[PDB]
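In the block that follows, a single chain appears as structure tokens, in the form deposited in one PDB entry.
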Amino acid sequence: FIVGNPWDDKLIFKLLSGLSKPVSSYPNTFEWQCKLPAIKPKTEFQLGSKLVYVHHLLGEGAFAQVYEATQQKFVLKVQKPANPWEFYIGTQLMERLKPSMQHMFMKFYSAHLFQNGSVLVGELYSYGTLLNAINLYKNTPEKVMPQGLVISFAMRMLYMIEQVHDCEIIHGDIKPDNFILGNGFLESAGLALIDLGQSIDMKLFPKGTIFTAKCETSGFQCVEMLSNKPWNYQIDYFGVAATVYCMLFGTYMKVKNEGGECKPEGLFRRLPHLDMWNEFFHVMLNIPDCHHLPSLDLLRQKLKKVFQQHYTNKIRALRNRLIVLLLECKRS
């Protein structure tokens, strides 16, 4: 079966409207028949029965604001209009995941839906985005993240979407600012994938459904989109590839085609493990069809071999270097 836009507003309204267990029926869902209250740094406000103290704004995305808060810290994802969809996705993901996996993602504890917006209450990750981390390295002598950390993060990402895809979900927006580092990093274990607002639940579609939308909700395109070919899970493969590209070169990935072979731009000078990375980008960017998705496990093993061959000893020195950079930015 074929579907135009998996992010279409009327489509999501209908998918939610016809759920056996609609978001409105969750025990941790709360509906309110009033406007979204004003939310501001270092200020209290009423969120249902509870009074909530907001600290400072943690970050801003394409659609929403995420603040730190307490009544154990947690976050408030605030969005206009309301986004019950992200809450639905988050709920399903945590249901379908093996409990040992859930630490790689962000739990939503509750959702407060209003007439014109929503507040999603979720888990906190305290040490900024991967995009930010990449920026922190730009302002150092070394300029780029070390290979040990890059290969490490890359493997975790491959592992992450492997778990997500196993739940038959598509993240749909895998990029540097949707990866967060938490305090679990102080003790790749602390890396978390967040922002499920553009995610797709394939279980809500017939077996073998594919999509033809030639672009994302903010202009970005994956490989199949650039060729007007169909796609489902490939969009996440592209996202991971683009993310690792950004860790490697500090800029956003652009692709070219040469003889039916898709590959990222750049002359790849100053790039170590050139053979490993070319094989990585080859497999990630040249997916024949929706039926022949490359083994995420296999990709990660190839990175693991190189990692084990060069960086087992040194990862401790590398993560320390980063934590120092992270703490400096947080206290700032």
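We call the rigid core the largest set of C-alpha positions that still match within 1.5 Å between the two forms. Start at 1 and count along the sequence shown; that's the residue number.
Same protein, other form: the form deposited in another entry, not shown, and the subject of what follows.
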Margin query: Quick check on the comparison between the shown form and the other one: with the core aligned, only one of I39, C290, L58, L285 should show a Cα shift of at least 2 Å. Which one is it?
Written below: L58
Next item on the list: For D201, decide whether the Cα shift between the shown form and the other one is 2 Å or greater, given a superposition on the rigid core.
Entry: no
Next item on the list: Take the rigid core as the frame of reference and indicate whether the C-alpha of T217 shifts by 2 Å or more between the shown form and the other one.
Entry: yes
Next item on the list: Quick one: in the other form, is the Cα gap between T243 and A62 smaller or bigger than here? Answer closer or farther; it shifts by 3 Å or more.
Entry: farther
Notebook entry, point to check: Between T217 and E95, does the Cα distance in the other form come out closer or farther than in this form, changing by 3 Å or more?
Noted result: farther
